[PDB]
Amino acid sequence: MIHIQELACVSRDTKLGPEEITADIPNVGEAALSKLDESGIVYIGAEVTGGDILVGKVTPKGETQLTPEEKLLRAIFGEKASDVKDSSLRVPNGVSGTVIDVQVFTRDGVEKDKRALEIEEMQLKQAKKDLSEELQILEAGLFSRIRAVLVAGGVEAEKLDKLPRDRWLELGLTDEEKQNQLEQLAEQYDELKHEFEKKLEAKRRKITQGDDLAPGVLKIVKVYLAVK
């Protein structure tokens, strides 16, 4: 009835050089190339039909395969004229639906295009944001208690609320089990804040780092199509 058909487009290393995922595809009208993004990939929410290009790929041709007619215009326009053949991923015959998601996997090492970066750039802003709010909570919490415990015992009622929050950890209280409470809060805060921070790292590490793909494959683009 209705189902999500996962279609993949893979670009590998050939004996004739590396394949490219791109909108820069020869032998196809503007009609086809029109529907694709700067990165040669179809737009999410597109109403695609059999034949339409979902992911633009290209493959190097190699001497043997060059018609003298193209050897000539290669000489006229420069090496990268008729360098490659269209091997992009199209929608199979008969099938029809609407793209609801695309997923780009890039191997460790490959240059990240514009599309990829913006996405990467965005996921960083968040990973970071997630931390600020995480930290805001951590402070607003523990520090509400430090005050409480602080006031109770050695009250600076109004005085305390002035000096920046970072100056509270400084102030001390009449030796007492109430100083040991102020001890742990300090430890806890730092220990935790640290932990939360080294989590932002492990996040950035993953975001930028390449994907563990098979040997030979450079990048994989998985299109998710809703077929009725």
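Quick note: we count residues from 1 along the sequence shown, nothing fancier.
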Q) Which is higher in the entry, the mean Cα B factor of 1-9 or that of 218-226? A) 1-9
Q.
On mean Cα temperature factor in this entry, is 76-84 or 144-152 the higher one?
A. 144-152
Q: Name the one of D101, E120, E158, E134 with the greatest CA B-factor according to the PDB entry.
A: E158
Q: Have a look at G172, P26, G45, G56 and flag the one whose Cα has the highest B-factor in the entry.
A: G172
**Q.** Entry-reported Cα temperature factor of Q181, expressed as the chain third it lands in
**A.** highest
**Q.** Position of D211 among the chain's modelled residues by C-alpha B-factor, lowest, middle or highest third
**A.** highest
Q.
Is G50 in the lowest, middle or highest third of its chain when residues are ranked by C-alpha B-factor?
A. middle
Q) Among the chain's modelled residues, which third holds the C-alpha B-factor of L192? A) middle
Q: Name the third of the chain's ranked CA B-factors that contains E63, choosing lowest, middle or highest.
A: middle
